[PDB]
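**Q** Below is data.cif; it holds mmCIF, C-alpha atoms and all ligand atoms.
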```
data_structure
#
loop_
_atom_site.label_atom_id
_atom_site.label_comp_id
_atom_site.auth_asym_id
_atom_site.auth_seq_id
_atom_site.Cartn_x
_atom_site.Cartn_y
_atom_site.Cartn_z
CA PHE A 537 -3.11 -6.16 8.41
CA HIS A 538 -6.76 -5.91 9.43
CA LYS A 539 -8.91 -5.16 6.38
CA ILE A 540 -11.16 -2.09 6.71
CA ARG A 541 -14.09 -1.51 4.36
CA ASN A 542 -14.09 1.62 2.21
CA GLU A 543 -17.65 2.28 3.41
CA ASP A 544 -16.33 2.82 6.92
CA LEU A 545 -13.79 5.47 5.85
CA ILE A 546 -14.49 9.15 5.14
CA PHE A 547 -11.72 11.16 3.49
CA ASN A 548 -11.30 14.77 4.62
CA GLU A 549 -8.55 17.35 4.18
CA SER A 550 -5.33 16.70 2.34
CA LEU A 551 -2.25 16.76 4.55
CA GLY A 552 0.31 16.64 1.77
CA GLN A 553 1.94 13.98 -0.32
CA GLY A 554 4.80 11.54 0.07
CA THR A 555 6.77 9.35 -2.32
CA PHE A 556 4.06 8.06 -4.69
CA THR A 557 1.50 8.63 -1.92
CA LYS A 558 -1.09 11.21 -0.92
CA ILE A 559 -1.94 11.91 2.73
CA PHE A 560 -5.40 12.74 4.15
CA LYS A 561 -7.08 13.30 7.48
CA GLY A 562 -10.01 10.93 7.72
CA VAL A 563 -12.65 9.35 9.94
CA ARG A 564 -13.19 5.63 10.46
CA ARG A 565 -16.53 4.31 11.68
CA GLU A 566 -15.86 1.28 13.83
CA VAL A 567 -17.20 -0.91 16.59
CA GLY A 568 -14.80 -0.53 19.51
CA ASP A 569 -14.42 -2.11 22.92
CA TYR A 570 -17.62 -3.29 24.63
CA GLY A 571 -19.38 -2.99 21.29
CA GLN A 572 -19.44 0.81 21.43
CA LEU A 573 -19.69 2.60 18.10
CA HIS A 574 -16.90 5.10 17.44
CA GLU A 575 -16.05 7.66 14.78
CA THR A 576 -12.28 7.83 15.08
CA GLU A 577 -9.93 10.33 13.47
CA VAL A 578 -7.41 8.54 11.26
CA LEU A 579 -4.51 9.36 8.97
CA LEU A 580 -5.00 7.85 5.51
CA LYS A 581 -1.93 7.22 3.33
CA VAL A 582 -3.07 6.52 -0.25
CA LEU A 583 -0.79 4.93 -2.82
CA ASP A 584 -1.05 6.76 -6.16
CA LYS A 585 -3.20 4.71 -8.54
CA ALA A 586 -0.62 5.20 -11.30
CA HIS A 587 2.05 3.57 -9.07
CA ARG A 588 0.06 0.47 -8.10
CA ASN A 589 3.14 -1.70 -8.73
CA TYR A 590 4.78 -0.30 -5.55
CA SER A 591 1.90 -1.51 -3.37
CA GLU A 592 3.73 -4.55 -2.02
CA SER A 593 6.73 -2.48 -0.92
CA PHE A 594 4.73 0.24 0.79
CA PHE A 595 2.63 -2.22 2.77
CA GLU A 596 5.33 -4.79 3.61
CA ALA A 597 7.58 -2.58 5.72
CA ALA A 598 4.58 -0.97 7.43
CA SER A 599 3.35 -4.51 8.13
CA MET A 600 6.64 -5.80 9.54
CA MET A 601 6.94 -2.85 11.90
CA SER A 602 3.30 -3.17 12.98
CA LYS A 603 4.04 -6.75 14.11
CA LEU A 604 6.14 -5.05 16.86
CA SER A 605 4.12 -2.94 19.30
CA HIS A 606 6.12 -0.16 20.99
CA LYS A 607 5.20 3.13 22.65
CA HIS A 608 7.43 5.07 20.20
CA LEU A 609 6.20 3.33 17.02
CA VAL A 610 3.12 4.60 15.20
CA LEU A 611 -0.07 2.56 15.40
CA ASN A 612 -1.54 1.24 12.15
CA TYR A 613 -5.19 0.20 12.36
CA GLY A 614 -5.27 -1.69 9.08
CA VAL A 615 -5.52 -1.30 5.35
CA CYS A 616 -8.29 -0.60 2.86
CA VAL A 617 -7.81 -2.43 -0.44
CA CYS A 618 -11.38 -2.24 -1.71
CA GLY A 619 -11.64 -1.38 -5.37
CA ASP A 620 -8.56 0.19 -6.95
CA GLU A 621 -7.16 1.79 -3.78
CA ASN A 622 -4.26 0.84 -1.56
CA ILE A 623 -4.74 2.76 1.70
CA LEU A 624 -2.89 2.55 5.00
CA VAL A 625 -5.17 3.46 7.93
CA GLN A 626 -3.00 4.93 10.67
CA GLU A 627 -3.50 6.65 14.02
CA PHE A 628 -4.00 10.38 13.72
CA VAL A 629 -1.23 12.17 15.64
CA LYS A 630 -2.43 15.54 16.91
CA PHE A 631 0.64 17.68 16.09
CA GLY A 632 1.81 16.02 12.86
CA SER A 633 5.35 15.73 11.49
CA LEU A 634 8.28 17.08 13.48
CA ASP A 635 10.01 18.92 10.62
CA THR A 636 7.18 21.42 10.25
CA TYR A 637 6.87 21.71 14.03
CA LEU A 638 10.57 22.54 14.42
CA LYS A 639 10.20 25.41 11.97
CA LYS A 640 6.99 26.83 13.45
CA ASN A 641 8.39 26.77 17.01
CA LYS A 642 12.11 27.43 16.45
CA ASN A 643 12.09 30.41 18.84
CA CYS A 644 10.62 28.15 21.53
CA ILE A 645 12.57 24.87 21.30
CA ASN A 646 15.63 24.62 23.55
CA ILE A 647 18.42 22.08 23.93
CA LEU A 648 16.56 20.07 26.60
CA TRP A 649 13.58 19.66 24.25
CA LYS A 650 15.92 18.52 21.47
CA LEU A 651 17.74 16.09 23.77
CA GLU A 652 14.46 14.56 24.99
CA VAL A 653 13.19 14.06 21.43
CA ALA A 654 16.61 12.67 20.48
CA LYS A 655 16.52 10.21 23.41
CA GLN A 656 13.04 9.04 22.47
CA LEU A 657 13.95 8.53 18.82
CA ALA A 658 17.06 6.59 19.87
CA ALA A 659 14.90 4.44 22.13
CA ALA A 660 12.65 3.51 19.21
CA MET A 661 15.68 2.75 17.03
CA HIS A 662 17.29 0.65 19.77
CA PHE A 663 14.06 -1.38 19.91
CA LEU A 664 14.18 -1.86 16.14
CA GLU A 665 17.89 -2.71 16.23
CA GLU A 666 17.36 -5.34 18.94
CA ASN A 667 14.62 -6.79 16.71
CA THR A 668 16.95 -6.58 13.67
CA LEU A 669 14.28 -4.61 11.77
CA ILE A 670 15.51 -1.97 9.31
CA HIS A 671 13.43 1.20 9.04
CA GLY A 672 15.11 2.66 5.96
CA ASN A 673 13.69 6.21 6.07
CA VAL A 674 14.47 7.83 9.42
CA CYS A 675 13.92 11.57 8.98
CA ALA A 676 12.25 14.40 10.86
CA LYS A 677 9.18 14.21 8.58
CA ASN A 678 8.75 10.64 9.85
CA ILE A 679 8.79 11.76 13.51
CA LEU A 680 5.24 12.38 14.74
CA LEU A 681 4.56 14.64 17.72
CA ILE A 682 1.95 13.08 20.01
CA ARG A 683 2.20 15.53 22.90
CA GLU A 684 3.77 18.93 23.28
CA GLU A 685 6.08 19.78 26.13
CA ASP A 686 4.29 21.27 29.15
CA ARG A 687 6.76 23.13 31.36
CA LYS A 688 3.80 23.86 33.66
CA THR A 689 3.32 20.18 34.56
CA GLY A 690 6.88 19.09 33.74
CA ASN A 691 5.62 16.90 30.88
CA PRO A 692 8.24 16.32 28.16
CA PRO A 693 7.21 16.15 24.50
CA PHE A 694 6.35 12.67 23.24
CA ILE A 695 7.10 11.38 19.75
CA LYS A 696 6.50 8.28 17.65
CA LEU A 697 8.31 7.04 14.55
CA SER A 698 6.12 6.71 11.47
CA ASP A 699 6.07 3.89 8.93
CA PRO A 700 8.99 3.50 6.51
CA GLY A 701 7.14 3.95 3.21
CA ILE A 702 8.33 2.38 -0.02
CA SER A 703 11.76 0.80 0.40
CA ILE A 704 14.79 2.52 -1.08
CA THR A 705 15.60 -0.93 -2.47
CA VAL A 706 12.86 -0.40 -5.11
CA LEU A 707 12.76 3.35 -5.60
CA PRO A 708 14.10 5.07 -8.74
CA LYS A 709 17.71 6.16 -8.45
CA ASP A 710 16.81 9.83 -8.92
CA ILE A 711 14.56 9.69 -5.86
CA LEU A 712 17.37 8.14 -3.82
CA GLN A 713 19.74 10.88 -4.94
CA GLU A 714 17.17 13.49 -3.87
CA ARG A 715 17.13 11.83 -0.43
CA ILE A 716 20.83 12.47 0.16
CA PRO A 717 21.99 12.93 2.97
CA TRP A 718 19.34 10.74 4.65
CA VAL A 719 20.16 7.82 2.34
CA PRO A 720 23.66 6.64 3.30
CA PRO A 721 26.61 6.58 0.85
CA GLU A 722 26.68 2.78 0.67
CA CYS A 723 23.04 2.79 -0.43
CA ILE A 724 23.71 5.35 -3.16
CA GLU A 725 26.45 3.02 -4.43
CA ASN A 726 24.14 -0.01 -4.08
CA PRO A 727 20.57 0.23 -2.73
CA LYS A 728 20.88 -3.48 -1.85
CA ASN A 729 23.40 -2.38 0.81
CA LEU A 730 20.36 -1.51 2.96
CA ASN A 731 21.35 -2.74 6.43
CA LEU A 732 20.87 -1.96 10.11
CA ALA A 733 23.83 0.40 9.69
CA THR A 734 21.70 2.44 7.27
CA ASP A 735 19.45 3.65 10.08
CA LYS A 736 22.38 4.85 12.19
CA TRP A 737 23.44 7.19 9.38
CA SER A 738 19.90 8.53 8.83
CA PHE A 739 19.46 8.92 12.59
CA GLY A 740 22.43 11.28 12.49
CA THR A 741 20.87 13.25 9.63
CA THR A 742 17.65 13.39 11.64
CA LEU A 743 19.45 14.76 14.70
CA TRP A 744 20.86 17.43 12.42
CA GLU A 745 17.31 18.38 11.39
CA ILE A 746 16.14 18.42 15.03
CA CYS A 747 18.99 20.81 15.83
CA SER A 748 18.48 23.02 12.76
CA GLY A 749 14.97 24.43 13.25
CA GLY A 750 13.47 22.46 10.37
CA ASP A 751 16.14 23.25 7.76
CA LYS A 752 16.87 20.44 5.33
CA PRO A 753 20.59 19.60 5.10
CA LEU A 754 22.16 20.19 1.67
CA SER A 755 18.85 21.56 0.31
CA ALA A 756 20.84 24.13 -1.71
CA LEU A 757 22.56 21.26 -3.58
CA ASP A 758 20.97 19.65 -6.62
CA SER A 759 21.14 15.89 -7.06
CA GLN A 760 24.45 16.03 -8.95
CA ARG A 761 26.15 18.06 -6.22
CA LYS A 762 24.68 15.78 -3.52
CA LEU A 763 26.35 12.82 -5.26
CA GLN A 764 29.69 14.67 -5.33
CA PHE A 765 29.22 15.59 -1.67
CA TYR A 766 29.41 11.87 -0.88
CA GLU A 767 32.21 11.25 -3.40
CA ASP A 768 34.26 13.94 -1.67
CA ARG A 769 33.36 12.41 1.74
CA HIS A 770 32.05 15.64 3.21
CA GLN A 771 30.16 15.82 6.52
CA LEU A 772 27.29 18.10 7.42
CA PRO A 773 28.07 21.48 9.00
CA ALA A 774 27.60 21.63 12.74
CA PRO A 775 24.22 23.18 13.63
CA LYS A 776 24.32 26.60 15.29
CA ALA A 777 23.28 24.98 18.56
CA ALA A 778 26.03 22.39 18.17
CA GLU A 779 25.52 20.32 21.35
CA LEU A 780 24.74 17.19 19.30
CA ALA A 781 27.21 17.85 16.46
CA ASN A 782 29.76 15.23 17.54
CA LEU A 783 27.03 12.58 17.81
CA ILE A 784 25.72 13.58 14.37
CA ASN A 785 29.14 13.13 12.80
CA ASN A 786 29.84 9.91 14.71
CA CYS A 787 26.58 8.45 13.36
CA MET A 788 27.18 9.74 9.83
CA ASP A 789 30.33 7.65 9.47
CA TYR A 790 31.25 6.76 5.89
CA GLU A 791 32.34 3.33 7.21
CA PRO A 792 29.04 1.52 8.01
CA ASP A 793 30.67 -0.94 10.43
CA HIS A 794 32.01 1.95 12.49
CA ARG A 795 28.64 3.55 13.23
CA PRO A 796 27.85 3.19 16.95
CA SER A 797 25.09 0.92 18.20
CA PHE A 798 21.98 2.60 19.47
CA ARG A 799 22.89 1.42 22.98
CA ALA A 800 26.09 3.46 22.73
CA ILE A 801 24.15 6.35 21.15
CA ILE A 802 21.77 6.33 24.11
CA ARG A 803 24.68 6.30 26.55
CA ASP A 804 26.14 9.31 24.71
CA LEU A 805 22.82 11.18 24.85
CA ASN A 806 22.46 10.43 28.57
CA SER A 807 25.87 11.98 29.26
CA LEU A 808 24.77 15.39 27.89
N1 LIG B 901 0.03 9.53 11.48
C1 LIG B 901 -0.06 10.86 11.28
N2 LIG B 901 -0.85 11.69 11.98
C2 LIG B 901 -0.60 12.95 11.42
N3 LIG B 901 -1.26 14.05 11.92
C3 LIG B 901 -1.16 15.40 11.54
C4 LIG B 901 -0.56 15.77 10.32
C5 LIG B 901 -0.45 17.10 9.94
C6 LIG B 901 -0.92 18.18 10.70
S1 LIG B 901 -0.77 19.80 10.24
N4 LIG B 901 -1.11 19.94 8.66
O1 LIG B 901 -1.75 20.56 10.92
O2 LIG B 901 0.59 20.18 10.38
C7 LIG B 901 -1.50 17.78 11.91
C8 LIG B 901 -1.64 16.47 12.32
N5 LIG B 901 0.31 12.92 10.40
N6 LIG B 901 0.64 11.57 10.28
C9 LIG B 901 1.60 11.17 9.36
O3 LIG B 901 1.97 10.01 9.41
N7 LIG B 901 2.12 12.09 8.47
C10 LIG B 901 3.12 11.83 7.59
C11 LIG B 901 3.05 12.21 6.24
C12 LIG B 901 4.13 11.94 5.40
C13 LIG B 901 5.30 11.31 5.89
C14 LIG B 901 6.45 11.02 5.08
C15 LIG B 901 7.75 11.28 5.55
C16 LIG B 901 8.84 10.99 4.73
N8 LIG B 901 8.72 10.44 3.50
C17 LIG B 901 7.46 10.18 3.07
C18 LIG B 901 7.33 9.59 1.68
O4 LIG B 901 6.33 8.87 1.46
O5 LIG B 901 8.24 9.93 0.91
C19 LIG B 901 6.32 10.46 3.84
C20 LIG B 901 5.33 10.99 7.22
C21 LIG B 901 4.28 11.24 8.04
#
```
Please re-express this file's structure in structure tokens.
Ligand SMILES: Nc1nc(Nc2ccc(S(N)(=O)=O)cc2)nn1C(=O)Nc1ccc(-c2ccnc(C(=O)O)c2)cc1
**A**
Amino acid sequence: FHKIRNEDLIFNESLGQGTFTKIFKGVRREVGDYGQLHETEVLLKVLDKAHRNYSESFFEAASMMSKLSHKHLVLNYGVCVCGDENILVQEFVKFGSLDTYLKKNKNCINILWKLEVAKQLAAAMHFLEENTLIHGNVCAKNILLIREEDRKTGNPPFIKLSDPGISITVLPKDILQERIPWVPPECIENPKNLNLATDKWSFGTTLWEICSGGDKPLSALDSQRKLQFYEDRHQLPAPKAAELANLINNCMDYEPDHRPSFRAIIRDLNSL
């Protein structure tokens, strides 16, 4: 990663927190193309100082994905590791995370919008699959909305997939249990079962979110009941708008080897 000086970063409003991270809107002063000076809006992801031992994991996966440029993968500008901070400096996406957007626009998002966002997410995951790169945390909060749909000019929405964050292969077991049903059953049994197949399961969970107006699946279940949900081999309920329900269940297959490739997933989406 390119190293950015703390002096060139200005922290502004908080935009929430993640797993052992805090999120801020920021500005980066930089020299851009042709030597022009810019003050660029950025998203700053700050690793909690108390959790400095997770720094390697947060940055590694972000790094490996940033070695692969793709239109549906978020741009990272660099890192700031001056002083006692570990900061990821990322492109600022105008409309933020998709989960909050789905809730705030539920009475405006139709099946064609969902199918377009689903196709774009599958395209990003196919790219990752072909590069044998595991994401490990596909969820609606990690889908960033670059552009809204514009029925006036026929423009579809446009999304990017955000960075993975700290790997589930190093997180505490109680955090992994809280992330059921995004974390697949095999990874609850053994976090070292993290595999390409993991992302197919979480992709299914993410489609469920996209179809459910921002609801979080199994949110009414505490961690103990989420564990028993997997032990009893339950599936998620079909969303009210159930057009993607079969694909969701096909992806959320308790047998990891049976989950369809993203090429097949894309073919399925294109048939709807
Ligand atoms: N690049 C980028 N630009 C923006 N712009 C923006 C944000 C908000 C609003 S707003 N307030 O007006 O709605 C408007 C514009 N957000 N953003 C970004 O990456 N956000 C982000 C934060 C946290 C996770 C996350 C997901 C799952 N797990 C974790 C974990 O660490 O556990 C973390 C993912 C993404």
**Q** Output as lines of an AutoDock Vina configuration file the centre and edge lengths (Å, one decimal) of the box along x, y and z of the file that holds every listed atom of ligand LIG 901 (chain B) after adding 8 Å on each side.
**A**
```
center_x = 3.5
center_y = 14.7
center_z = 6.6
size_x = 26.6
size_y = 27.7
size_z = 27.4
```
**Q** Between A:785, A:582, A:626, A:672, which is the closest to residue 769 of chain A once you count only C-alpha atoms?
**A**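 Smallest distance to residue 769 of chain A is found for A:785.
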**Q** Could you please determine the separation between atom CA of residue 553 of chain A and atom CA of residue 636 of chain A in Å, to one decimal place?
**A**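 One can read the atom CA of residue 553 of chain A to atom CA of residue 636 of chain A distance as 13.9 Å.
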**Q** Between atom CA of residue 559 of chain A and atom CA of residue 745 of chain A, what is the spacing in Å?
**A**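 We find that atom CA of residue 745 of chain A and atom CA of residue 559 of chain A lie 22.1 Å from each other.
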**Q** Residues within 7 Å of ligand LIG 901 (chain B), counting all atoms listed in the file: report them as a list in words.
**A**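 If we count all atoms listed in the file, the neighbours of ligand LIG 901 (chain B) turn out to be residues 551, 552, 553, 554, 555, 556, 557, 559, 579, 610, 626, 627, 628, 629, 630, 631, 632, 633, 636, 673, 675, 677, 678, 680, 698, 701 and 702 of chain A.
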**Q** Could you tell me how far atom CA of residue 650 of chain A lies from atom CA of residue 746 of chain A, in Å and to one decimal?
**A**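 So the two atoms, atom CA of residue 650 of chain A and atom CA of residue 746 of chain A, lie 6.4 Å apart.
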**Q** Just the residues within 12 Å of residue 754 of chain A, please, counting all atoms listed in the file, with nothing from its chain fewer than 2 positions along; format it as a ChimeraX atom specification.
**A** /A:713-718,741,744-745,751-752,756-766,770-773
**Q** Report as JSON, numbers by chain all protein, DNA and RNA residues lying within 8 Å of residue 805 of chain A, evaluated on only C-alpha atoms, omitting residues in the same chain fewer than 6 positions from it.
**A** {"A": [651, 654, 655]}
**Q** Taking (14.7, 24.1, 19.4) in the coordinates of the supplied file, I want to know which residues reach to within 10 Å of it, counting only C-alpha atoms; could you give the answer as a CSV table (one decimal) with C-alpha atoms, in the frame of the given file?
**A**
```csv
chain,number,residue,atom,x,y,z
A,637,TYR,CA,6.9,21.7,14.0
A,638,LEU,CA,10.6,22.5,14.4
A,639,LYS,CA,10.2,25.4,12.0
A,641,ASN,CA,8.4,26.8,17.0
A,642,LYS,CA,12.1,27.4,16.4
A,643,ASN,CA,12.1,30.4,18.8
A,644,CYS,CA,10.6,28.2,21.5
A,645,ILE,CA,12.6,24.9,21.3
A,646,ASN,CA,15.6,24.6,23.6
A,647,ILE,CA,18.4,22.1,23.9
A,648,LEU,CA,16.6,20.1,26.6
A,649,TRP,CA,13.6,19.7,24.2
A,650,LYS,CA,15.9,18.5,21.5
A,651,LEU,CA,17.7,16.1,23.8
A,746,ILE,CA,16.1,18.4,15.0
A,747,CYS,CA,19.0,20.8,15.8
A,748,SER,CA,18.5,23.0,12.8
A,749,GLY,CA,15.0,24.4,13.2
A,750,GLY,CA,13.5,22.5,10.4
A,777,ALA,CA,23.3,25.0,18.6
```
**Q** Please list as a VMD selection string every residue within 8 Å of residue 786 of chain A, counting only C-alpha atoms and excluding residues in the same chain fewer than 3 positions away.
**A** chain A and resid 740 782 to 783 789 795 to 796
**Q** When distances are computed from only C-alpha atoms, which of A:566, A:658, A:687, A:768 shows the smallest separation from residue 799 of chain A?
**A**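 Ranking A:566, A:658, A:687, A:768 by distance to residue 799 of chain A, first place goes to A:658.
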**Q** Which of these residues is nearest to residue 656 of chain A, using all atoms listed in the file: A:669, A:541, A:739, A:776?
**A** A:739
**Q** Measuring between all atoms listed in the file, which one of A:542, A:591, A:691, A:806 shows the shortest distance to residue 616 of chain A?
**A**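 When distances to residue 616 of chain A are compared using all atoms listed in the file, the smallest one comes from A:542.
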**Q** Restricting the calculation to only C-alpha atoms: of A:573, A:781, A:730, A:657, which residue gets closest to residue 694 of chain A?
**A**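 Answer, going by the shortest atom-to-atom distance: A:657.
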**Q** Any idea what's packed within 10 Å of residue 705 of chain A, counting all atoms listed in the file, ignoring anything in its chain fewer than 5 positions away? Could you give it as an MDAnalysis selection string?
**A** chainID A and resid 593 672 712 723 726:730
**Q** Check the smallest atom-to-atom distance from each of A:784, A:539, A:681, A:790 to residue 720 of chain A using all atoms listed in the file, then report the winner.
**A** A:790
